[PDB]
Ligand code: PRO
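First, one chain by itself: the form deposited without the ligand, in structure tokens.
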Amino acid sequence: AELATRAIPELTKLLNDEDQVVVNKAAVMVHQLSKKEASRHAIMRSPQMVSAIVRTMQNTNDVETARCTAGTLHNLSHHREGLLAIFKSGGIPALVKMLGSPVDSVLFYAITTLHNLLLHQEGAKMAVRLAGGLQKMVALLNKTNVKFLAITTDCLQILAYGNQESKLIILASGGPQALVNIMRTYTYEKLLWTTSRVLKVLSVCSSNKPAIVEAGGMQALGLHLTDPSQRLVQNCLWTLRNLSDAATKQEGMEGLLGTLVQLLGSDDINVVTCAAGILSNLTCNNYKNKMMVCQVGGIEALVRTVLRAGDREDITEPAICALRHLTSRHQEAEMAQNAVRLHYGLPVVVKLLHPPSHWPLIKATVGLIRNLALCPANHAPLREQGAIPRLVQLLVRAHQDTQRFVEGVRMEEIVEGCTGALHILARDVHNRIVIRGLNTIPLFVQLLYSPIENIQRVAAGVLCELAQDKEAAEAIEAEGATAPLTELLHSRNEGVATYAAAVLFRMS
């Protein structure tokens, strides 16, 4: 402090210059005063010099002058008050101006001083947003030095988190495409981890997610699922899960789907839950993805996941959902329906219909059972496992709650799913004796009166399979169903009209 606090008032003049080349010789001096801790603890001390360093750094059109001036601000950026000094000096907009400067060295001090400001200075995020640094940071994502890219992506992450307007600016600045490029072309873990944190923050925005998917983000995140760094894989999995609902059109997912299946066998419950969630979303409405997941043993892996998960519905509900997807509208679905049985899946699926399972899990499980029932080799084991009495009790109770949303599930979807499962199970003659013995024919006739056209179709279809037996056909008639079936014959839904025509013919 000798040649410091006391060296401050001279430095002031040992700083401010009006010439051109003179300040220059002063700035390279102030850099030397920045390299010594004693003299920079004096630069931090009085705010006059700090405003002059910031001013002349804006004024200078010489690269060397701008470097020592920024390196000074960098050395002040290690001090807590140095931050407060740059805040008073208004350097944040000045530092932003150099995010477009070309020489690398000045970019590296500026993005670091802004970084330390965003971490330890209050209100710094608001100042960088006002200065338009967000758009300048996204443009900097094309540079090549990984240590510089790791700081810039962190600045964007601190700014975008919790701020929807900052996310929309990153979108408008082409951020999604730039961040995805960083994930495809670099191997440095610190940068890849930070970039995935940015994409994770952008993944929850309704506007950013389609663009990230469009840029190939699903495939880019897939490349790092095999990385030994847990924080990198986990953030990639969290990001993949948020975008997976918008990636049903993407192709080239063969590698991702194969890695996702292996991740199901993982011991990390967060890894397993995410992989089950991504696979469930990507297998929806995508016959090619259904084929690939089945081609890498995905049914066997999912059945093992549901068995290992037990009572945790964070794992079973997506894994059941994915299983219901892989068992319908898809080429090797008949082999997938058998595969569930072959891997001892039928007992655990029926179990998930009983408590303590919550309604969303029950919805997927009933849907899974309809698809498994399409395979005749599953008719007898599904009956032996007690599926028919339980589906009937769920249907009866759900129908009373409709006459008089639970867990986000409308009971009319329980009514429809349970009647649909019984419709396919009723193809087997022994299931029809069980369904008939439960005195379900009444309820099925009531469902013909239901307003939902899908509930009318499953109700008429199950009565149609039942009406092929003589004893049952008389019971449907005695139930008075001949009259609703007449109004059903003239329905906008074909399926409602044809099933009603079949039962009517079976009653003779």
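By rigid core we mean the largest C-alpha set that fits within 1.5 Å across both forms. Note that residue numbering follows the sequence shown and begins at 1.
- Looking at the other PDB entries for this protein, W359 is present in the model in all of those that include the residues around it, rather than absent from a third.
- Compared with other deposited structures of the same protein, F87 does not meet the criterion of being unmodelled in at least one third, since all of those that resolve residues on both sides include it.
- Deposited sequence between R404 and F405: 10 or more residues lack coordinates.
- When the C-alpha B-factors of 84-92 and 366-374 are averaged, 84-92 comes out higher.
- The deposited model assigns a higher average Cα B-factor to 14-22 than to the other stretch when 14-22 and 486-494 are compared.
- Per the deposited record, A38 carries the highest C-alpha B-factor of all listed residues (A473, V458, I441, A38).
- Residue-level inspection of the entry shows that, of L448, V63, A478, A467, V63 has the top Cα B-factor.
- In the deposited entry, the Cα temperature factor of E122 sits in the top third of values across the chain's modelled residues.
- When all modelled residues of the chain are sorted by CA temperature factor, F108 is found within the highest third.
- The deposited CA B-factor of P102 belongs to the highest third of values across its chain.
- Among the modelled residues of its chain, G408 has a C-alpha B-factor that falls in the highest third according to the deposited record.
- When the modelled residues of the chain are ordered by C-alpha B-factor, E416 sits in the middle third.
Only in words, not in the display: the form deposited with the ligand bound, which the text now covers.
- Of the candidate stretches 83-91, 222-230, 246-254, 158-166, only 158-166 has residues with heavy atoms within 4.5 Å of the ligand in the deposited bound form.
- Taking the partner from the other structure, the ligand in the deposited bound form has no heavy atom within 4.5 Å of any heavy atom of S105.
- At a distance threshold of 4.5 angstroms between non-hydrogen atoms, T185 is in contact with the ligand in the deposited bound form.
- The shortest heavy atom separation between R341 and the ligand in the deposited bound form exceeds 4.5 Å.
- The closest non-hydrogen atom of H399 lies beyond 4.5 Å of the ligand in the deposited bound form.
- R129 is the sole member of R410, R129, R304, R383 with a non-hydrogen atom lying within 4.5 angstroms of the ligand in the deposited bound form.
- Of the listed positions (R324, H74, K363, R390), a single one reaches within 4.5 angstroms of the ligand by any non-hydrogen atom in the deposited bound form, namely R390.
- The three marked residues, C236, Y449 and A483, fail to reach the ligand in the deposited bound form, with no heavy atom of any inside 4.5 Å.
- With the core held fixed by superposition, the comparison between the shown form and the other one singles out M57 as the only member of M57, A481, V458, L466 whose CA moves by at least 2 angstroms.
- Relative to the superposed rigid core, the position of the CA of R390 differs between the shown form and the other one by less than 2 Å.
- After superposition on the rigid core, the Cα atom of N270 is displaced by less than 2 Å between the shown form and the other one.
- In the core-superposed comparison between the shown form and the other one, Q48 has its Cα shifted by at least 2 Å.
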